[PDB]
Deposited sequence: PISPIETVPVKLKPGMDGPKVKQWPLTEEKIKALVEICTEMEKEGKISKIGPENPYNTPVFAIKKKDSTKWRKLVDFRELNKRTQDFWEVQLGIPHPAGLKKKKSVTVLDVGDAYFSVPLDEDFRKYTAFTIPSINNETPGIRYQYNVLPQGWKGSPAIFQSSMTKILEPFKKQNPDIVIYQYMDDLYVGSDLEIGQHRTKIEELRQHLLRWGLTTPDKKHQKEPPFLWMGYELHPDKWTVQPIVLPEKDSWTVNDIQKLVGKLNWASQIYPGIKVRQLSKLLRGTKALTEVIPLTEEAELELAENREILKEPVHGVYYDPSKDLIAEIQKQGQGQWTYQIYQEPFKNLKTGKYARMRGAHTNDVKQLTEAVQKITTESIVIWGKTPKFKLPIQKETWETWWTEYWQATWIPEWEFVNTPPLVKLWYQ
C-alpha cells in the first residue's frame, strides 16, 4: 500500500474505447449507490474529458439482494497482456484437474488496498450511463487495483504467495491456483475434511486481512464423453440410415471406421418403415466400430499457443452439449449440462457457459472463445441476469443451425 508497480501497454497500443451498453434504471441506480461509496473510500475518482478511454460496466446480483458491479476489462486485458502474462505471469499448476475436489474462493477484495500506478489509471475509466441520453454519463477511473483486470492479481501475486506460504507449509498435499479474483483449492481429502481444510484456509486468509465470501467441483469426473450408437430391439431402413449417417460423420474424427456392410444391408429402394433384421457381415461393423467409440482419439494435444474454442448446442428438454477444441475434429474436452418453471433457455445457456468456462480454467488456465447459439442482441441484453462469475469469456454468435444435434448427444 505504498509502492505502485509500473504498468506499460504493449508499444503502439492505445487504451480501450468501448461503448457502454444502456442499462435498466434499476441497474443504473445500483451503480450510483455503489460508486458513490467507492469514491468516498477513495477507490475511484471522477475524471474530466481529457480522458477518452472507457471500459463497459454492468450490474449483477452476485450469489443475493446485494447488487455488485462487474467491469468488462476484456479490451484492457488484451492491451496489457505483455504485463500480466509475461512480466508478472502467474504459472498454471497442471494437476488441479487430478484432485477429487476443488473449491473456489473470491479473494478480489484483496486488491482494493494496493494503489494503482499513477500513470495507468487513465485507462481504467468507466461511465455510468443515463436514460434517454438526458445527460452525459458519470465518469470515474480507478485509484486501486480494480477487480477484473488481469494485472491486478499479477501484481498482488507476491503478497498473495507470502500469505499463502504458511498454509502451503502446514498441508503441502493441497494445490492452490489463482485466476484473477479466485483461488482454486483442490484436495484429495474426503469431502468432510476438505470442507474444513477450506475453512482453515478461509480463516487463515481472513486473519491476515483478506476477507472472503461468507461450489465444489470434482474434476475426478471430467473426461471426453464418447459417441453413443443407440442399439434398440427393432430396426428399420430409416434407423439403418440415421445409423449409417452418424458413422459416416464420425469418419472425420475416427478415420478407423467402415460401414460398407451396413450400406449393402439395404441396397433396395425400400419403404423407410421396413423392419429389416440384423445380418452377420453387417453386424460385424456395428460392434467392431461400437468399441472404437470407447477407444480415445489419437494425437490430440493442447497447443498453448492457440485459443480454445467452445461450441454449445441446444438438445431440448433443458439439455445442452458442448465441445472444446482448437483445430476442427480434434476435441480436447466434451460434456453435457442440465437444469434441475424456474429456468429459461438463456438462464440455461448462461449457466452452461459459466460451467464450461470454469472447467476450462481448472484444466488449462485460460478461458475459451464461445460459439453461442443465440441471437447477438438477445444475449447482449439478458446475459448479465444470471451471470455470477467475476470474469467474462470472449464470445461470438453462430447464426448457422447445427443439423448434427443428436450426432453430438
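- Positions of the deposited sequence absent from the coordinates, in order: 1-3, 67, 219-231, 358-359.
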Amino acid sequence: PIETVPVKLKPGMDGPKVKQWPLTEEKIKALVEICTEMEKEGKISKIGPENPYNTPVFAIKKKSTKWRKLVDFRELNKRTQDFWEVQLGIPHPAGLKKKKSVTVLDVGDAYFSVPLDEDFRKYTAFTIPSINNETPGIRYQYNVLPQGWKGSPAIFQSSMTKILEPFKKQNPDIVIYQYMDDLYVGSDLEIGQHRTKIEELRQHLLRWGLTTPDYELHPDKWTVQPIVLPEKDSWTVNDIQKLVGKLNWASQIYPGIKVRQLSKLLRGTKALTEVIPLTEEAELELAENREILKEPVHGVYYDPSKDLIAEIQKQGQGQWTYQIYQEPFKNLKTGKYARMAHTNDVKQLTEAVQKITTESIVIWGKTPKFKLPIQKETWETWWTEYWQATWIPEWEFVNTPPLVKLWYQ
From here on, numbers count along this sequence of modelled residues.
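Basically, rigid core = biggest C-alpha set you can superpose within 1.5 Å across the two forms.
- Each structure in 6 other deposited structures of this protein is fitted to the shown form on the rigid core, and of 169-177 and 192-200 the C-alphas lie farther away on average for 192-200.
- In summary, of the stretches 7-15 and 385-393, 7-15 shows the greater Cα distance from the shown form in 6 other deposited structures of this protein, with structures fitted on the rigid core.
- The question of which stretch, 88-96 or 70-78, has the higher mean Cα B factor is settled in favour of 88-96.
- Look at the mean CA B-factor for 324-332 and for 293-301 in the entry; the higher one is 293-301.
- Set against one another, the Cα B-factors of 186, 151, 108, 226 in the record reach their highest point at 226.
- Of the candidates 350, 64, 55, 51, the deposited coordinates give 64 the top C-alpha B factor.
- Ranked within its chain, residue 29 lands in the lowest third, by CA B factor from the PDB record.
- Looking at the C-alpha B-factors along this chain, the one for residue 393 belongs to the lowest third.
- Among the modelled residues of the chain, residue 203 sits in the middle third by CA temperature factor in this PDB entry.
- For residue 83, the recorded CA temperature factor ranks within the middle third of the chain's modelled residues.
- Sort the modelled residues of the chain by CA B factor and residue 194 lands in the middle third.
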